[PDB]
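S.K.: Structure below; questions to follow.
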Amino acid sequence: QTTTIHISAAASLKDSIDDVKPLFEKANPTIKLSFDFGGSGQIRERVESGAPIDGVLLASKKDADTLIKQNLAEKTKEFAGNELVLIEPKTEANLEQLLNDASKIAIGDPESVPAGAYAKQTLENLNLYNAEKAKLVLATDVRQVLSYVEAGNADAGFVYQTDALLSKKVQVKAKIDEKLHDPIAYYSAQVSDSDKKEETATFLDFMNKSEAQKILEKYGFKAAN
Ligand SMILES: [Ca+2]
Ligand SMILES: [Ca+2]
Ligand SMILES: [Ca+2]
Ligand SMILES: [Ca+2]
């Protein structure tokens, strides 16, 4: 018979998973997928609260290590990478000058969103955090940061390179140097309390196979280092 498993993936994987799901369910007619997308840190809190999730897809090695240490997750596996960029709504201005003219700079919540955590490490390592400290607006996930800059409600925003590629309404004004922050790597894990570990193991391994790896490449994502 059919079996439904629920995966909690990061918000930055919303559009690439849209194409992975039909290819997986075709190759596995007995496993059906249910996805919820949001900030990885908030996905971490729900697993730590007893949420009935089978597997998770997180954009932070820190959030994955946290679930492993509490024996809430198991079998971690990096499957993708990404880069951080500064986007503005649609002059040879530098990053500091872009943040000077900006009145609202949208970043993910550094306490529950990796994209906001990577963006904070960039500003700290550039000696720019305290300068733009009072102008930051925290969001629920990186896709919310994209929605604010798209609508013009925010002057600048920090999103992933894959997020800016999917938007005609914004444009990249600065590519954050990858050394200015911890490596952006996506990880897959299995919630230990899941009753469907066999079925969830099929999908989590499917992400590291050739079919899912090419979807990430064509969507701008990077590979596991
Ligand atoms: Ca300066
Ligand atoms: Ca303010
Ligand atoms: Ca159980
Ligand atoms: Ca079972």
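Starting from 1 in every chain, residues are counted up; chains themselves are A, B, ... following the order of the structure tokens, and ligands are numbered from 1 as listed.
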Using only C-alpha atoms and all ligand atoms, tabulate the residues of chain A lying at most 12 Å from any atom of ligand 2, each with its closest atom pair and that distance in Å to one decimal, by chain and increasing residue number, as a tab-separated table.

M.R.:
residue	atom	partner	partner_atom_place_in_ligand_line	distance
A:102	CA	ligand 2	1 (Ca)	11.8
A:103	CA	ligand 2	1 (Ca)	8.6
A:104	CA	ligand 2	1 (Ca)	8.1
A:105	CA	ligand 2	1 (Ca)	10.0
A:106	CA	ligand 2	1 (Ca)	11.6
A:131	CA	ligand 2	1 (Ca)	11.8
A:132	CA	ligand 2	1 (Ca)	9.4
A:133	CA	ligand 2	1 (Ca)	8.0
A:134	CA	ligand 2	1 (Ca)	4.4
A:135	CA	ligand 2	1 (Ca)	4.9
A:136	CA	ligand 2	1 (Ca)	7.1
A:137	CA	ligand 2	1 (Ca)	8.0
A:138	CA	ligand 2	1 (Ca)	11.1

S.K.: Go through chain A residue by residue and, counting only C-alpha atoms and all ligand atoms, keep those with an atom at most 10 Å from ligand 4; for each kept residue give the shortest atom pair and its distance in Å to one decimal, ordered by chain and increasing number, as a tab-separated table.

M.R.:
residue	atom	partner	partner_atom_place_in_ligand_line	distance
A:3	CA	ligand 4	1 (Ca)	9.5
A:194	CA	ligand 4	1 (Ca)	8.4
A:195	CA	ligand 4	1 (Ca)	5.1
A:196	CA	ligand 4	1 (Ca)	4.3
A:197	CA	ligand 4	1 (Ca)	6.3
A:198	CA	ligand 4	1 (Ca)	6.4
A:199	CA	ligand 4	1 (Ca)	7.6
A:200	CA	ligand 4	1 (Ca)	9.7

S.K.: With N, CA, C and O atoms retained, export the selected residues as a PDB file, in the first residue's frame.

M.R.:
ATOM      1  N   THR A   3       2.320   4.859   1.600  1.00  0.00           N
ATOM      2  CA  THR A   3       2.741   5.356   2.903  1.00  0.00           C
ATOM      3  C   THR A   3       3.208   6.794   2.751  1.00  0.00           C
ATOM      4  O   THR A   3       4.039   7.090   1.888  1.00  0.00           O
ATOM      5  N   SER A 194      10.524   8.895  14.388  1.00  0.00           N
ATOM      6  CA  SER A 194       9.695   8.587  13.231  1.00  0.00           C
ATOM      7  C   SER A 194       9.407   7.093  13.159  1.00  0.00           C
ATOM      8  O   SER A 194      10.321   6.266  13.241  1.00  0.00           O
ATOM      9  N   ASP A 195       8.126   6.747  13.006  1.00  0.00           N
ATOM     10  CA  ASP A 195       7.741   5.351  12.842  1.00  0.00           C
ATOM     11  C   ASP A 195       8.114   4.813  11.467  1.00  0.00           C
ATOM     12  O   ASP A 195       8.178   3.592  11.287  1.00  0.00           O
ATOM     13  N   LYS A 196       8.373   5.690  10.504  1.00  0.00           N
ATOM     14  CA  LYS A 196       8.644   5.295   9.128  1.00  0.00           C
ATOM     15  C   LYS A 196      10.092   5.628   8.780  1.00  0.00           C
ATOM     16  O   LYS A 196      10.379   6.498   7.956  1.00  0.00           O
ATOM     17  N   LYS A 197      11.018   4.916   9.426  1.00  0.00           N
ATOM     18  CA  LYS A 197      12.434   5.118   9.140  1.00  0.00           C
ATOM     19  C   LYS A 197      12.853   4.462   7.831  1.00  0.00           C
ATOM     20  O   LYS A 197      13.734   4.983   7.139  1.00  0.00           O
ATOM     21  N   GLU A 198      12.242   3.328   7.480  1.00  0.00           N
ATOM     22  CA  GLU A 198      12.550   2.681   6.208  1.00  0.00           C
ATOM     23  C   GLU A 198      12.137   3.558   5.033  1.00  0.00           C
ATOM     24  O   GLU A 198      12.903   3.746   4.080  1.00  0.00           O
ATOM     25  N   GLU A 199      10.922   4.108   5.088  1.00  0.00           N
ATOM     26  CA  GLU A 199      10.423   4.923   3.985  1.00  0.00           C
ATOM     27  C   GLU A 199      11.167   6.249   3.895  1.00  0.00           C
ATOM     28  O   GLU A 199      11.495   6.710   2.795  1.00  0.00           O
ATOM     29  N   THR A 200      11.443   6.878   5.040  1.00  0.00           N
ATOM     30  CA  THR A 200      12.156   8.151   5.029  1.00  0.00           C
ATOM     31  C   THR A 200      13.608   7.977   4.602  1.00  0.00           C
ATOM     32  O   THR A 200      14.207   8.910   4.055  1.00  0.00           O
TER      33      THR A 200
END

S.K.: One number please: CA of residue 127 in chain A to CA of residue 99 in chain A, in Å, one decimal.

M.R.: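 Going from CA of residue 127 in chain A over to CA of residue 99 in chain A, I get 12.4 Å.
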
S.K.: Would you mind telling me which residue in A:146, A:191, A:56, A:7 lies nearest to ligand 3 when using only C-alpha atoms and all ligand atoms?

M.R.: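 Under the stated criterion, the closest residue is A:191.
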
S.K.: Residues up to 9 Å from ligand 1, counting only C-alpha atoms and all ligand atoms: could you list those as a short mmCIF file (atom, residue, chain, number, x, y, z; two decimals) with N, CA and C atoms, in the first residue's frame?

M.R.:
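Final file, out_7.cif:
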data_model
loop_
_atom_site.label_atom_id
_atom_site.label_comp_id
_atom_site.auth_asym_id
_atom_site.auth_seq_id
_atom_site.Cartn_x
_atom_site.Cartn_y
_atom_site.Cartn_z
N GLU A 96 29.33 48.53 1.59
CA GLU A 96 29.14 49.49 2.67
C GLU A 96 28.28 50.67 2.21
N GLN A 97 28.49 51.14 0.98
CA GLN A 97 27.69 52.25 0.47
C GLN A 97 26.25 51.81 0.22
N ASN A 127 33.10 44.43 10.00
CA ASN A 127 32.97 45.57 10.91
C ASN A 127 31.84 46.50 10.46
N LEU A 128 30.69 45.89 10.13
CA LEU A 128 29.52 46.63 9.67
C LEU A 128 28.27 46.33 10.48
#

S.K.: So the first atom is CA of residue 43 in chain A and the second is CA of residue 8 in chain A; what is the distance between them in Å, to one decimal place?

M.R.: 6.7 Å

S.K.: Pick from A:53, A:172, A:10, A:17: nearest to ligand 3, with only C-alpha atoms and all ligand atoms counted?

M.R.: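 Closest residue, counting only C-alpha atoms and all ligand atoms: A:53.
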
S.K.: Residues of range 14-123 of chain A in helix (DSSP H, G or I) according to DSSP, as a PyMOL selection string?

M.R.: chain A and resi 14-27+40-47+61-69+95-101+114-123

S.K.: From the list A:139, A:153, A:51, A:87, which residue is nearest ligand 3 when using only C-alpha atoms and all ligand atoms?

M.R.: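 That would be A:51, the residue with the smallest distance to ligand 3.
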
S.K.: For CA of residue 20 in chain A and CA of residue 118 in chain A, quote the distance in Å rounded to one decimal.

M.R.: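 Distance reported for this atom pair: 26.3 Å.
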
S.K.: Compile the contact shell of residue 167 in chain A as a PyMOL selection string: residues with an atom at most 12 Å away, counting only C-alpha atoms, same-chain residues fewer than 2 positions apart removed.

M.R.: chain A and resi 15+87-90+143+146-147+149-151+159-165+169-172

S.K.: What would the file look like if the residues just selected were written as a PDB file, in the first residue's frame with C-alpha atoms?

M.R.:
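Final file, selection18.pdb:
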ATOM      1  CA  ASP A  15      11.203  25.374  -5.645  1.00  0.00           C
ATOM      2  CA  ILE A  87      19.681  41.973  -3.220  1.00  0.00           C
ATOM      3  CA  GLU A  88      17.863  45.262  -3.767  1.00  0.00           C
ATOM      4  CA  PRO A  89      14.669  46.185  -5.636  1.00  0.00           C
ATOM      5  CA  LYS A  90      14.855  46.685  -9.385  1.00  0.00           C
ATOM      6  CA  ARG A 143      11.959  33.509   1.502  1.00  0.00           C
ATOM      7  CA  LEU A 146      12.924  37.881  -0.557  1.00  0.00           C
ATOM      8  CA  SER A 147       9.241  38.852  -0.380  1.00  0.00           C
ATOM      9  CA  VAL A 149      12.638  43.253  -1.021  1.00  0.00           C
ATOM     10  CA  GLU A 150      10.423  42.233  -3.957  1.00  0.00           C
ATOM     11  CA  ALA A 151       7.539  44.403  -2.724  1.00  0.00           C
ATOM     12  CA  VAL A 159      19.177  35.960   0.475  1.00  0.00           C
ATOM     13  CA  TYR A 160      20.794  32.924  -1.099  1.00  0.00           C
ATOM     14  CA  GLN A 161      22.096  33.009  -4.662  1.00  0.00           C
ATOM     15  CA  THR A 162      19.438  30.437  -5.577  1.00  0.00           C
ATOM     16  CA  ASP A 163      16.709  32.733  -4.221  1.00  0.00           C
ATOM     17  CA  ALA A 164      17.760  35.726  -6.333  1.00  0.00           C
ATOM     18  CA  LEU A 165      17.892  33.535  -9.455  1.00  0.00           C
ATOM     19  CA  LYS A 169      11.709  41.806  -9.386  1.00  0.00           C
ATOM     20  CA  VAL A 170      15.078  42.036  -7.573  1.00  0.00           C
ATOM     21  CA  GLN A 171      18.727  42.032  -8.609  1.00  0.00           C
ATOM     22  CA  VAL A 172      22.016  41.079  -6.973  1.00  0.00           C
TER      23      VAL A 172
END

S.K.: Can you list every residue in range 4-223 of chain A that DSSP puts in strand (DSSP E), as a PyMOL selection string?

M.R.: chain A and resi 4-10+31-38+55-58+73-81+84-89+105-108+136-139+156-160+170-175+185-191

S.K.: For ligand 3, which of A:100, A:192, A:16, A:140 is the closest residue, counting only C-alpha atoms and all ligand atoms?

M.R.: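 Of the candidates, the smallest distance to ligand 3 is held by A:192.
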
S.K.: Using only C-alpha atoms and all ligand atoms, which residue out of A:63, A:25, A:54, A:18 lies closest to ligand 3?

M.R.: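 Smallest distance to ligand 3 is found for A:54.
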